[PDB]
Number of protein chains: 2
Amino acid sequence: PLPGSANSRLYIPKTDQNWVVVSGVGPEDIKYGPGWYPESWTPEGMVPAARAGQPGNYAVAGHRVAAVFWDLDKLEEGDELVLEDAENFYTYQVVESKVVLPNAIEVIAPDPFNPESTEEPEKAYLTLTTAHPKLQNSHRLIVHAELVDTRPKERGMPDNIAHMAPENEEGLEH
Amino acid sequence: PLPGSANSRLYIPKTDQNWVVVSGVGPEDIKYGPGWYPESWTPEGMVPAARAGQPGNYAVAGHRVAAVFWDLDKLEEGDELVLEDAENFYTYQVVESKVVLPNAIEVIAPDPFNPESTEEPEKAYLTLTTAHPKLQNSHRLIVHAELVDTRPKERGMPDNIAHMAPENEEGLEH
Ligand code: NA
Ligand code: NA
Ligand code: NA
């Protein structure tokens, strides 16, 4: 189909939250909820970002507001984040939460732990970004997580997100 | 800022319509209005698509419904489309309207009149895509338009879209 792109869903057990993640991080894109950065940063230029569950860095921006990323500071090392595509649930575990300046575009590099890399990535990360401190725009709060499990959707939802029901049965795909 | 991406606005005098164009063409992206295809097709793989007003093919999908692209079939050769970014109004003129099968991904090539090209694009195109016929999903109606004017926003809006007011004063940028 034309178009034939897919969206994803993000689930956070710790804060009991979930969203459909749209494509893009412009102001209209993330007005109402989180959005995926379509390109990753490298020193040689922007490159296509990892799709959900895939090697590289799937990065998501959301506003620091009640219905979105206000409570991102509650995440700690070890906490799970689940990303869903059309085929799988991908469970990532938080490996770092930190504060950076707003120009720290390196945090969306394919390997945020090696942003100067000129190699194709091997590990799959998830990064969440939002304004910080609360009610300020001076910094960004960054959560990085690493993939620990890939579950085919045929096996049903992970127990700890199975109560997070959608409003409709429309797919993440056309 | 992180994020620092921009959205665009699309205006169509003929049908007296305008929208904020989001990034991406997934189902969630275009649920409520038109979205920009982030990548253009080439025989060697997907590449980054033209940004608004720029050489290549800025392509937009929208559903064939009342508040979006139902009336795309009313556009005729010569009709104007205006795309707005943070700096300019870009006026394009329709050069072709055609019907294709949904797998005709060549219509989002950087040069849709030379889709097999391996060269960088020279001309700036705008392409609109929607399902066709009305109340069917079997085909796609494609409108291609070519850039004819670049107006800096300091000069205000083109006369024929100056009545198309927004609901708020939020920028297309963060
Ligand atoms: Na969202
Ligand atoms: Na969007
Ligand atoms: Na839209």
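Counting starts at 1 for both ligands and their atoms, following the listed order. Lettering of chains follows the sequences in order, A, B, ..., and the numbering in each one begins at 1.
Side-chain atoms of A/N57 and A/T127 include a donor-acceptor pair closer than 3.5 Å.
Under a 3.5 Å cut-off, the side chain of B/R151 and the backbone N or O of B/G156 do form a donor-acceptor pair. The backbone N or O of A/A104 sits nowhere less than 3.5 Å from a side-chain atom of A/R140 that would complete a donor-acceptor pair.
Annotation for B/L135: hydrophobic cluster partners, listed by chain and number, are B/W70 (ILVMFWY side-chain heavy atoms under 4.5 Å, direct or chained).
Listed by first and then second residue, the ring pair (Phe, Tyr, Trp, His ring centres under 6.0 Å) pairs involving residues 5-27 of chain A are A/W19-A/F69 (not counting sequence neighbours).
Residues meeting the side chain to side chain donor-acceptor pair (under 3.5 Å) test with A/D79, sequence neighbours left out: A/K14.
Around the Na ion (ligand 1), protein atoms of type N, O or S found under 3.0 Å number 2.
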